[PDB]
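> Coordinates only, no sequence provided:
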RNA sequence: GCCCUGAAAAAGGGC
């Protein structure tokens, strides 16, 4: 079993999926 | 329960 859920792993991914937006949008 | 897509602090979708 894993202590992280579909939200954990994806939670950090946003770190690279959000920057592009929050960064490309100024 | 696990993800994927959404930027999402929506909305969605697959199994």
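Cool, the structure landed. Numbering: from 1, shown residues only, chains lettered A, B, ... in the order given.
> does the helix or strand containing residue A:11 come close to RNA strand B?
Using DSSP states H and E, residue A:11 sits within helix A:6-18. Yes. Helix A:6-18 lies within reach of RNA strand B by CB under 7 Å from any atom of the strand, at A:6, A:8-10, A:13-14, A:17-18. Yep, even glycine has a C-beta here, placed from its N, CA and C like the rest.
> next SSE after that helix?
By DSSP H and E, the next helix or strand past helix A:6-18 is helix A:24.
> from the chain's centre, how far out does that following helix sit?
Helix A:24 has its average C-alpha position 16 Å from the chain's average C-alpha position, going by CA atoms, centre = their mean, to the nearest Å.
> cool, and stretch A:19-26?
The mean C-alpha position of stretch A:19-26 is separated from the chain mean by 13 Å, CA atoms, centre = their mean.
> how close does residue A:13 sit to residue A:26?
Applying CB to CB, to the nearest Å, the value for residue A:13 to residue A:26 is 22 Å.
> between the two, which one's more packed in?
Taking other CB atoms under 10 Å, residue A:13 and residue A:26 do not tie; residue A:13 has more neighbours (10 against 4).
> Mind listing residues that contact stretch A:4-13?
With CB atoms under 8 Å, 6 or more residues apart in numbering as the contact definition, stretch A:4-13 has no outside contacts at all.
> Please consider this matter closed, and thank you.
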